[PDB]
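Okay, upload.txt is below, compact mmCIF, C-alpha atoms:
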```txt
# COMPACT_ATOMS: atom_id res chain seq x y z
CA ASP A 1 154.79 -142.24 -127.49
CA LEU A 2 153.43 -144.35 -124.64
CA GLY A 3 150.26 -142.26 -124.41
CA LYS A 4 149.01 -143.23 -127.86
CA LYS A 5 149.75 -146.88 -127.12
CA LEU A 6 147.89 -146.75 -123.79
CA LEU A 7 144.90 -145.22 -125.55
CA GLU A 8 144.86 -148.04 -128.09
CA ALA A 9 145.36 -150.76 -125.47
CA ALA A 10 142.49 -149.42 -123.35
CA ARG A 11 140.16 -149.19 -126.34
CA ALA A 12 141.13 -152.66 -127.55
CA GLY A 13 140.71 -154.38 -124.19
CA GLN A 14 144.36 -155.41 -123.79
CA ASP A 15 144.59 -155.40 -119.99
CA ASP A 16 148.12 -156.79 -119.62
CA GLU A 17 149.44 -154.17 -122.04
CA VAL A 18 147.54 -151.45 -120.16
CA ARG A 19 149.27 -152.60 -116.97
CA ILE A 20 152.75 -152.77 -118.50
CA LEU A 21 152.39 -149.40 -120.25
CA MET A 22 151.52 -147.80 -116.88
CA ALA A 23 154.54 -149.41 -115.26
CA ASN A 24 156.66 -147.88 -118.02
CA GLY A 25 155.27 -144.49 -117.04
CA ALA A 26 152.56 -143.95 -119.64
CA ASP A 27 150.40 -140.93 -118.83
CA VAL A 28 147.16 -142.44 -117.53
CA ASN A 29 145.37 -139.28 -118.62
CA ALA A 30 146.77 -139.03 -122.14
CA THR A 31 144.21 -137.89 -124.71
CA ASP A 32 143.47 -138.64 -128.35
CA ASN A 33 142.64 -135.99 -130.97
CA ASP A 34 139.10 -135.74 -129.57
CA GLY A 35 140.21 -135.30 -125.97
CA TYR A 36 139.28 -138.84 -124.92
CA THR A 37 141.40 -140.49 -122.23
CA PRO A 38 142.05 -144.24 -121.84
CA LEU A 39 139.28 -144.25 -119.22
CA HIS A 40 136.83 -142.79 -121.77
CA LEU A 41 137.75 -145.47 -124.29
CA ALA A 42 137.65 -148.35 -121.84
CA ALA A 43 134.26 -147.16 -120.60
CA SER A 44 132.72 -146.81 -124.06
CA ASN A 45 134.03 -150.24 -125.10
CA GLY A 46 132.80 -152.01 -121.96
CA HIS A 47 136.21 -153.04 -120.63
CA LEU A 48 135.46 -153.19 -116.91
CA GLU A 49 138.76 -154.62 -115.66
CA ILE A 50 140.65 -151.93 -117.57
CA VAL A 51 138.37 -149.24 -116.11
CA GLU A 52 139.26 -150.56 -112.65
CA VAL A 53 142.99 -150.74 -113.42
CA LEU A 54 143.06 -147.17 -114.80
CA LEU A 55 141.25 -145.85 -111.72
CA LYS A 56 143.70 -147.68 -109.44
CA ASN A 57 146.47 -145.87 -111.31
CA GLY A 58 145.18 -142.31 -111.04
CA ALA A 59 142.87 -141.88 -114.02
CA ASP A 60 140.79 -138.67 -113.95
CA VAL A 61 137.28 -140.03 -113.34
CA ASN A 62 135.86 -136.63 -114.33
CA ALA A 63 137.94 -136.07 -117.47
CA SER A 64 136.13 -134.10 -120.18
CA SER A 65 136.61 -134.42 -123.94
CA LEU A 66 136.76 -131.48 -126.32
CA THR A 67 132.94 -131.56 -126.39
CA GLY A 68 132.55 -131.96 -122.62
CA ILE A 69 131.87 -135.71 -122.67
CA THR A 70 132.94 -137.64 -119.53
CA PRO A 71 133.59 -141.36 -119.04
CA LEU A 72 130.26 -141.61 -117.19
CA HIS A 73 128.44 -140.09 -120.19
CA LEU A 74 129.94 -142.81 -122.38
CA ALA A 75 129.24 -145.71 -119.99
CA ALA A 76 125.66 -144.51 -119.58
CA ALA A 77 125.12 -144.09 -123.32
CA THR A 78 126.59 -147.49 -124.18
CA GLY A 79 124.68 -149.44 -121.55
CA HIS A 80 127.58 -150.60 -119.41
CA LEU A 81 125.95 -150.81 -115.98
CA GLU A 82 128.82 -152.25 -113.96
CA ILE A 83 131.10 -149.52 -115.34
CA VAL A 84 128.54 -146.81 -114.49
CA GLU A 85 128.51 -148.10 -110.90
CA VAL A 86 132.32 -148.16 -110.63
CA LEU A 87 132.65 -144.65 -112.05
CA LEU A 88 130.07 -143.33 -109.58
CA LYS A 89 131.84 -145.10 -106.72
CA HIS A 90 135.07 -143.32 -107.68
CA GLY A 91 133.46 -139.88 -107.72
CA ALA A 92 132.14 -139.32 -111.25
CA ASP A 93 129.82 -136.29 -111.38
CA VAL A 94 126.37 -137.79 -111.98
CA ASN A 95 125.10 -134.49 -113.40
CA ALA A 96 128.03 -133.50 -115.61
CA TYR A 97 126.86 -131.79 -118.80
CA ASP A 98 128.48 -131.76 -122.23
CA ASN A 99 128.62 -128.79 -124.62
CA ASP A 100 125.02 -129.44 -125.68
CA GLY A 101 123.79 -129.70 -122.10
CA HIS A 102 123.40 -133.48 -122.08
CA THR A 103 123.82 -135.28 -118.77
CA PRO A 104 124.39 -139.01 -118.25
CA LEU A 105 120.66 -139.33 -117.47
CA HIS A 106 119.84 -137.74 -120.83
CA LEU A 107 122.04 -140.22 -122.64
CA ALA A 108 120.81 -143.27 -120.75
CA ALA A 109 117.28 -142.15 -121.62
CA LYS A 110 118.16 -141.57 -125.27
CA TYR A 111 119.61 -145.05 -125.75
CA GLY A 112 116.95 -146.85 -123.71
CA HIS A 113 118.97 -148.16 -120.78
CA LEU A 114 116.37 -148.54 -118.04
CA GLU A 115 118.61 -150.13 -115.42
CA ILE A 116 121.20 -147.40 -115.91
CA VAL A 117 118.49 -144.77 -115.51
CA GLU A 118 117.49 -146.44 -112.21
CA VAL A 119 121.08 -146.36 -110.97
CA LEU A 120 121.69 -142.73 -111.93
CA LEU A 121 118.45 -141.76 -110.18
CA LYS A 122 119.54 -143.44 -106.96
CA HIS A 123 122.74 -141.38 -107.05
CA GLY A 124 121.18 -137.93 -107.35
CA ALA A 125 120.66 -137.55 -111.09
CA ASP A 126 118.64 -134.39 -111.82
CA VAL A 127 115.38 -135.26 -113.60
CA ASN A 128 114.80 -131.54 -114.22
CA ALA A 129 118.06 -130.80 -116.04
CA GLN A 130 117.43 -129.47 -119.54
CA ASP A 131 119.76 -129.74 -122.53
CA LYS A 132 120.35 -126.87 -124.95
CA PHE A 133 117.08 -127.79 -126.67
CA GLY A 134 115.16 -127.31 -123.42
CA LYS A 135 114.67 -131.06 -123.05
CA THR A 136 114.68 -133.18 -119.90
CA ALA A 137 115.61 -136.86 -119.80
CA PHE A 138 111.87 -137.59 -119.87
CA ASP A 139 111.47 -135.46 -123.02
CA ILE A 140 114.38 -137.33 -124.60
CA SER A 141 112.89 -140.71 -123.75
CA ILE A 142 109.71 -139.62 -125.53
CA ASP A 143 111.59 -138.30 -128.58
CA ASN A 144 113.36 -141.64 -128.95
CA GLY A 145 110.28 -143.80 -128.42
CA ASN A 146 111.50 -145.34 -125.18
CA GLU A 147 108.09 -145.73 -123.54
CA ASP A 148 108.94 -148.21 -120.78
CA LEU A 149 111.67 -145.83 -119.66
CA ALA A 150 109.46 -142.75 -119.95
CA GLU A 151 106.97 -144.30 -117.49
CA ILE A 152 109.51 -144.27 -114.68
CA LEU A 153 110.67 -140.72 -115.33
CA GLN A 154 107.14 -139.35 -115.70
CA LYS A 155 106.36 -140.10 -112.06
CA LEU A 156 109.21 -137.77 -111.07
CA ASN A 157 107.87 -134.81 -113.06
```

Would you encode the structure as structure tokens?
Amino acid sequence: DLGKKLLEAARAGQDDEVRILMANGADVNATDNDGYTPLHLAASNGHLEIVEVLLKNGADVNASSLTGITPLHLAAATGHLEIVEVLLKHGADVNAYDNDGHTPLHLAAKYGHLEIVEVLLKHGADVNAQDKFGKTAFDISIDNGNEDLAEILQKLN
């Protein structure tokens, strides 16, 4: 029962509850119906302190949802830079791909997060990786009208 409560506490930003639930033995890598862990939910909701607490307590930094989405995918897509950095520091795969072939770089490009693109690039993000549509992060930046971002990526073509 503790797993569902940890998932909710992480999503909701309740850090003291997250801590107490762990102490009670909650599975840090419990998953919801979509295969998201507390770390996924904390990352997508921008809860940095909770991200740090989960990692200190053995969260799977490379956990994949039912569709292959990782916490780094979610932090990159939602523009949480500090969380992206922490996840990378703890060993998140910068070039993980979901079931549609999207990498964190693809998602940062899609949602127009220039600073996150810069960070992923300085940690070995693959500018040549193509999704299932044959598209690179540059192609995605163009499809989504993110011109300022496309500039940077174009020079790496």

>> Tell me which residues come within 10 Å of (145.5, -153.9, -122.1), as a PyMOL selection string, counting only C-alpha atoms in the file's coordinates.
In response: chain A and resi 5-21+42+47+49-50+53

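For the atom pair formed by atom CA of residue A:106 and atom CA of residue A:137, the distance is 4.4 Å, given to one decimal.
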
> Got a sec: who's within 10 Å of stretch 66-80 of chain A, counting all atoms listed in the file, leaving out chain neighbours fewer than 6 positions off, as a PyMOL selection string?
Replying inline: chain A and resi 31+33-48+51+60+86-88+92-117+119-120

> Expressed in Å to a single decimal, how great is the separation between atom CA of residue A:152 and atom CA of residue A:62?
Replying inline: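 We find that atom CA of residue A:152 and atom CA of residue A:62 lie 27.4 Å from each other.
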
> A:23, A:30, A:83, A:125: which is nearest residue A:64, counting all atoms listed in the file?
Replying inline: A:30

> What is the atom CA of residue A:154-atom CA of residue A:90 distance in Å, reported with one decimal?
Replying inline: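 Atom CA of residue A:90 lies at a distance of 29.3 Å from atom CA of residue A:154.
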
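With only C-alpha atoms as the atoms that count, the minimum distance from residue A:118 to the choices A:85, A:1, A:32, A:27 is reached by A:85.
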
Six-sided padding of 3 Å per side, axis-aligned box over stretch 96-106 of chain A, centre and edges in Å, one decimal, as JSON:
```
{"center_x": 124.2, "center_y": -134.1, "center_z": -120.6, "size_x": 14.8, "size_y": 16.5, "size_z": 16.1}
```
